[PDB]
Structure formats: C-alpha cells, structure tokens
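Peer 1: Return a 3D structure for these sequence lines:
(2 chains, ligands or ions: 1)
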Amino acid sequence: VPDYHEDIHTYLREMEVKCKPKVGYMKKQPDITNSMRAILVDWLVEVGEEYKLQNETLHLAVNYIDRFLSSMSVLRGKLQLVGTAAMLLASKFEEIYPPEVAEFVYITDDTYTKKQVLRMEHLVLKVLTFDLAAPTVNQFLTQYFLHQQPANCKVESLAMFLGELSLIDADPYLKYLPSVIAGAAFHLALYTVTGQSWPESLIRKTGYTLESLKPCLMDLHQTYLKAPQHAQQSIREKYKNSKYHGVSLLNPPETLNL
Amino acid sequence: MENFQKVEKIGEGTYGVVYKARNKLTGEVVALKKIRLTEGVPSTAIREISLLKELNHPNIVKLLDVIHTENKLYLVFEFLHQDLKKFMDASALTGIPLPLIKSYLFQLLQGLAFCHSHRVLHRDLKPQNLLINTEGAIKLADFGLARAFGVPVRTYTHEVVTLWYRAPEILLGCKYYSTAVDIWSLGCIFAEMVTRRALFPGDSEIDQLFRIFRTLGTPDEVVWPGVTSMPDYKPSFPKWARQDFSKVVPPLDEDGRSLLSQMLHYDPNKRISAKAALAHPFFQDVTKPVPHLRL
Ligand SMILES: c1cnn2ncc(-c3ccnc(NC4CC4)n3)c2c1
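Peer 2: Residues are numbered from 1 along each chain as shown, chains lettered A, B, ... in the order given. Coordinates below:
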C-alpha cells in the first residue's frame, strides 16, 4: 500500500538523528582505533554469511556497536564481546528464527563464556536504553527503490554493496546520516549501471539536491575505487555472488562529472 | 521493583504472566508483565519494548517503565480493566450497541494508523490483545509479535499468529507481510462485535482458508491478480460464490458493509489502509460511549 510510505520516510528521517552515534567518538576511545573496528565489522559480515542473516541485521548490529562505543570506554580485548552481543540483539530484533546464543559463543573461538555474552547483551540494552528500532542505510535504500523506473536489481545490488562497504570505515562514514549515505549509494549505483542520476522525485521526497549529496558522494566513490585494495574484503567476497548480480566486479567510473 | 504491590493476576499467556499492581509511593495503578530469565532476553520482549517506546498514542497501551534485574524482567504498563474478548463474552445476551462498536473500531483504526505510519506492524490483532476501560477507550496491546518494517518483513514458515484472524495472503503463503494483514484482523473483529460470533473460526489452515472462501467467494485472477501463482494456492480449490454481506452481517447499515467489505478486500494491495478507513462515511456520526463492564 502507498498511504504510509511518505509518513514513514519523514519518521525514519526524524529517527535517524535520534538513533545516531557521536561523530568523533573514536578519538575519545583510548584503546581502540578505526582499524580495530573495521576488522570487527568485516568479521560480522562473515558471521552474517555463515548464519544466512538479513543484511539489515548487520546494519543494525553496526549501529548498536557505534552507539555503545559512543558512551562506554571499552578495552580492545573486550571489543568482540561488544560486537557479538550487538549481533545477537540485532538478530533477535530482525531475524525470523535467530541463532542460538551457544552459537554466538561458538563463532568467537570460545574467547568468551556463554554467561559473558548474555551479561553483555543485558549491558548493551542498558546503554542503548532499549532503543533498538534504528534506521539503517538499508531501510533508506528500500524506500528509494520504490522510486525506480522500473526496478533494476543490479542497481539495487550495487547500492546495497556500496552502502555495506560504508559500515567498515568509521572514517569517513560516521560524518553522514544513513539517509545521506543511502542517497549517495543509490545515485552512484544507478550512475554505474544505467548512467542516469539522482531522480527528480527523490530530490522532492528527501529534500536532498544532488549537489547536497556531493561531499558524501565524493567519499563513497573513493571507497568504491579502492575497494579491492582495502584490508577488509568480506563484503566484496559476499557481493561477488551471482545472487547479488556480481556487482563487486563492476568497474567504478573514474570521474563522477559533478 | 520493591515499590510495587502485586494485587492480582489479570492476564495469562505464553509471553508471560500479567499482574495488576499498585505503586506504593505514587498510588498509580499499573499492569506488570513478568518474564523469567535461558537464551538471554526473549526476542518478543526486545521487540515489544523498543517498539512501544516510540509509539505514544491514546489508542496504544502506554509502556510506563521497564525494570531489569539479573534474574527477572518486568514491563510496567498503564492499567486497563479488561480485554475486548472478555467484554464480548459478557455482552453475549444483550449485544454490543452499534454506537460503541463504531467507537471501538474508530479508535482501533487510529491506533493501527499511528502504528503503520511509524513502520510498525502489529501482526497479532485479536480481541484479547485489545484493552478497554470503563470510560470508552480501547487500546492496542501485546506487541510481542509486532515488527518494524523499514525493510519489508518476511513471513515465518510456521505462522505463530492466531488462526481465526489470519489474512488470506499469509494462508496462501505470500513472502512478505504488509499493513493489509492488520486491517484484515480488525475487519474480522469488527464483524464479530456485530454478529456476536467469530467470522472465520477455522480448524486448520485449509479450514480457515475455505471458511474465508465460502463467505467472500474463492478469489480468481480477476479479483486478485497473481493469486494462482501464490505458493500455497491449489488448482483443486473449490470455487465458492461470494455471499450477500447483508446475510453475513445482518444488522449493519450500508456504510458498515461498505467498510467491512473493504477491510476484507482480497488483494492486499487494494485492501483499505487504516488511514483511509477513518475517512469512510461510516464514522460521520462517531461518538464515544461508555461500556458496561463487570469486575
Ligand atoms: C495482555 C497481554 N499482554 N499485555 N501486555 C500488557 C497488557 C496490559 C496492559 C494494561 N492492562 C492490562 N490489563 C488487561 C488484562 C486486563 N494488560 C497486556 C494484556
């Protein structure tokens, strides 16, 4: 049905501001670097594939991790326990039949006890003040795809891939709201596949002019280019698959003509 | 948790036990929802809290506080006296007056409209998840199977949802939910307040499907484009004829039927939204009457 789509967009747009992590938190974390987090997020992509989880789960998990770190000092040896609990909560929130805790214990090479993971879950919930219904780059792409004419999976599959890549690198992608990263993702994917641009309808829906997306769109184009060199390679592997139309093997355009 | 006095059990269910309780310090009367704690916090409890916390509305139950211990987790609700099912059972002889049925439906539709416009599907609307007070309010409760649909919600292969209020698209095995399934449920509840009897009381999935058919006809490709393709459709399905809605809901005016037929529309895409139904002629004269409830 159409009647709610508009109300939902404006709601998510309102909510994404609220459920958003502090921009410059990593510098205030005295024992974790952006790298350490990149390594964690990429691992969660591996976890996601291993348990055939929705991409949305991953996207949530990342938001939980980021907001958690936004207010709790965490030591490096405990970062994975944070990552794990978040993936468990994201799974419980999103998935139809979530994976057994015993199994989130199992994927950490038993670095943590079953009792450790469960206690972390309760602490994540506390810090996040139970607010798990977060807007994601994924939720925003879903809304944008309705504006396609017609639906083009390669475009969607590329946008998904592009927006997923954004999760890994806290620098620069904490700068931008999910709705923006999604908008940048969408145009870049559409431009690569069909040669078209950020459509007039979506400008009206979002309020984002293409020029307003430029900054983000500049960084995303770079991430896309340097994708095969990046130290984290799980997503590129994930999106080589025939299911996702092998989008990660499509050559980025060298200039964006902006 | 020590500032609360338990008064009595007022609800049952698989999700947990619900007690009426009193705040010893402020005097406020509440409904406590207990959950024992081994797979960590139950998924249903995780969804129920995080979602209710967004939805502040007069026709959605107010989650007042969540109190988390190590070994127990309590959800603190504003108190409401009884549910719609218990009221319906009690109105068996006398009937629920149409002015009140309208009132209830109107509010139900307002709760659902607010849910759906905040990307929340209830998924399990049935008379027991709907709470009424002595003053004329009715509110959507139990959000354990509720879902956020920023991304479209895939349907479970073993639908744990109630059988009688289940939408045809689910029973026919569609891939995703949509707001349409919540409207269907309400439709069935609306008919039930009118008829004093359950509209589609099936035994199994196929009995539930057949009961829907005997009344509204067996859908074809004309009335529902793509129905034949759906995974759980069968060619060997009987072709039942659509029944006269005056014989299905006798004491309902033309608008009432107009509205009911629209909530019970076959194609989920053409089925009325909660938002639209509020504008339907049926509600032009809507009031807010008080029900006569029992202890
Ligand atoms: C059934 C199932 N889940 N669930 N959660 C909260 C409530 C609630 C809220 C407010 N009042 C009441 N009391 C009603 C039982 C009469 N129940 C309730 C009732």
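Peer 1: how far out from the middle of the chain is the helix or strand harbouring residue A:160?
Peer 2: In the assignment (DSSP states H and E), residue A:160 maps to helix A:153-168. Remark: helix A:153-168 is offset 9 Å from the chain centroid, using Cα atoms, centre = their mean, to the nearest Å.
Peer 1: got the buried residues for it?
Peer 2: A:154-168 (16 or more other Cβ atoms under 10 Å in any protein chain shown). Just so you know, the C-beta spots here come from the backbone N, C-alpha and C atoms, and that holds for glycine as well.
Peer 1: can you count the residues close to the residue lying closest to residue A:228 once chain neighbours are set aside?
Peer 2: Leaving aside its sequence neighbours, residue A:228 sits nearest to residue A:236 (Cβ to Cβ, 6 or more residues apart in numbering or on different chains; 6.8 Å). Residue A:236 is flanked by 18 other residues according to other Cβ atoms under 10 Å in any protein chain shown.
Peer 1: thought residue A:236 was touching residue A:224?
Peer 2: No. Using Cβ atoms under 8 Å as the test, residue A:236 is too far from residue A:224 to be in contact (10.6 Å).
Peer 1: Show the contacting residues for residue 48.
Peer 2: Chain wasn't specified; assuming chain A. A:55, A:57, A:58 (Cβ atoms under 8 Å, 6 or more residues apart in numbering or on different chains).
Peer 1: I was after chain B.
Peer 2: Per Cβ under 8 Å, 6+ apart, neighbours of residue B:48: B:15, B:63, B:75, B:142, B:143, B:144, B:146.
Peer 1: can you put the residues you listed in CSV and add secondary structure?
Peer 2: Output for the contacts of residue B:48, formatted as CSV (DSSP: H, G, I helix; E, B strand; the rest coil):
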residue, secondary structure
B:15, coil
B:63, strand
B:75, strand
B:142, coil
B:143, coil
B:144, coil
B:146, coil
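Peer 1: Top of those by number of neighbours, please.
Peer 2: Neighbour counts for the contacts of residue B:48 (other Cβ under 10 Å) peak at residue B:143, which has 27 neighbours.
Peer 1: State the distance from that residue to residue B:82.
Peer 2: 19 Å (Cβ to Cβ, to the nearest Å).
Peer 1: Which parts of the stretch 151-295 of chain B are helices?
Peer 2: Along the stretch 151-295 of chain B, the segments classed as helices by DSSP state H, counting those that start in this stretch run B:168-171, B:180-195, B:205-216, B:245-248, B:254-263, B:274-277.
Peer 1: go on, the stretch 101-250 of chain A?
Peer 2: Listed in chain order, the helices of the stretch 101-250 of chain A (DSSP H, counting those that start in this stretch) span A:101-106, A:114-127, A:137-145, A:153-168, A:170-173, A:178-193, A:200-206, A:210-225, A:234-238.
Peer 1: To residue B:245, which of these lies closest?
Peer 2: Proximity to residue B:245 (Cβ to Cβ) singles out helix A:137-145 among these, at 36.7 Å.
Peer 1: where's the closest one relative to the chain centroid, distance-wise?
Peer 2: The chain centre lies 11 Å from the centre of helix A:137-145; the measure is Cα atoms, centre = their mean.
Peer 1: so that helix versus helix A:153-168, what angle?
Peer 2: Orientation check (axes from the mean of the first three to the mean of the last three Cα atoms, to 10 degrees): helix A:137-145 against helix A:153-168 gives 150 degrees.
Peer 1: Tell me the buried residues within the contacts of residue A:48.
Peer 2: A:55, A:57, A:58.
Peer 1: Out of those, which comes closest to the ligand?
Peer 2: residue A:57 (26.3 Å; Cβ to the nearest ligand atom).
Peer 1: Hmm, that closest one is touching residue A:92, no?
Peer 2: No. Using Cβ under 8 Å, residue A:57 is not in contact with residue A:92, being 9.5 Å away.
Peer 1: Using JSON lines, lay out the buried ones among the contacts of residue A:48 together with secondary structure and distance to the ligand.
Peer 2: JSON lines is the format used below for the buried ones among the contacts of residue A:48 (DSSP: H, G, I helix; E, B strand; the rest coil; distance: Cβ to the nearest ligand atom, whole Å):
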{"residue": "A:55", "secondary structure": "helix", "distance to the ligand": "32"}
{"residue": "A:57", "secondary structure": "helix", "distance to the ligand": "26"}
{"residue": "A:58", "secondary structure": "helix", "distance to the ligand": "31"}
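Peer 1: Residue B:34: helix or strand, and which one exactly?
Peer 2: strand B:29-36.
Peer 1: what distance separates whichever helix or strand comes after that strand from the middle of the whole chain?
Peer 2: Remark: after strand B:29-36, the chain's next helix or strand is helix B:43-52, criterion DSSP H and E. Per Cα atoms, centre = their mean, the displacement of helix B:43-52 from the mean C-alpha position of its chain is 17 Å.
Peer 1: Helix B:43-52 near the ligand anywhere?
Peer 2: No. Applying Cβ under 6 Å from any ligand atom, one finds helix B:43-52 separated from the ligand by no less than 7.8 Å.
Peer 1: what angle separates that helix from helix A:114-127?
Peer 2: 10 degrees.
Peer 1: what about whichever helix or strand comes after helix B:43-52, distance to the chain center?
Peer 2: Next in sequence after helix B:43-52, counting helices and strands by DSSP H and E, comes strand B:63-68. Averaging C-alpha positions (Cα atoms, centre = their mean) puts strand B:63-68 23 Å from its chain's average.
Peer 1: follow-up on the earlier one: counting contacts, what elements does the helix holding residue A:160 pack onto?
Peer 2: helix A:34-50, helix A:55-69, helix A:137-145, helix A:178-193, helix A:210-225, helix A:234-238 (3 or more Cβ pairs under 8 Å, 6 or more residues apart in numbering or on different chains; DSSP states H and E).
Peer 1: how about 10 Å then?
Peer 2: helix A:34-50, helix A:55-69, helix A:137-145, helix A:170-173, helix A:178-193, helix A:210-225, helix A:234-238 (3 or more Cβ pairs under 10 Å, 6 or more residues apart in numbering or on different chains; DSSP states H and E).
Peer 1: would CSV of the ones you listed with distance to residue B:189 be doable?
Peer 2: CSV is the format used below for the helices and strands packed on helix A:153-168 (distance: least, Cβ to Cβ, whole Å):
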stretch, distance to residue B:189
helix A:34-50, 39
helix A:55-69, 31
helix A:137-145, 30
helix A:170-173, 46
helix A:178-193, 37
helix A:210-225, 46
helix A:234-238, 44
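Peer 1: how near is the residue nearest to residue A:228 to residue A:164?
Peer 2: 10 Å.
Peer 1: Equivalent analysis for residue A:135, please.
Peer 2: Residue A:135 sits 16 Å away from residue A:164, going by Cβ to Cβ.
Peer 1: which residues do residue A:57 and residue A:92 both contact?
Peer 2: Taking Cβ atoms under 10 Å, 6 or more residues apart in numbering or on different chains as the criterion, residue A:57 and residue A:92 both touch residue A:98.
Peer 1: Identify the residues contacting the spatially closest residue to residue A:125 that is not a sequence neighbour.
Peer 2: Spatial nearest neighbour of residue A:125, excluding adjacent residues (Cβ to Cβ, 6+ apart): residue B:41 at 6.6 Å. Counting by Cβ under 10 Å, 6+ apart, residue B:41 makes contact with A:88-89, A:92, A:118, A:121-122, A:124-125, A:130, B:35, B:49, B:68, B:73.
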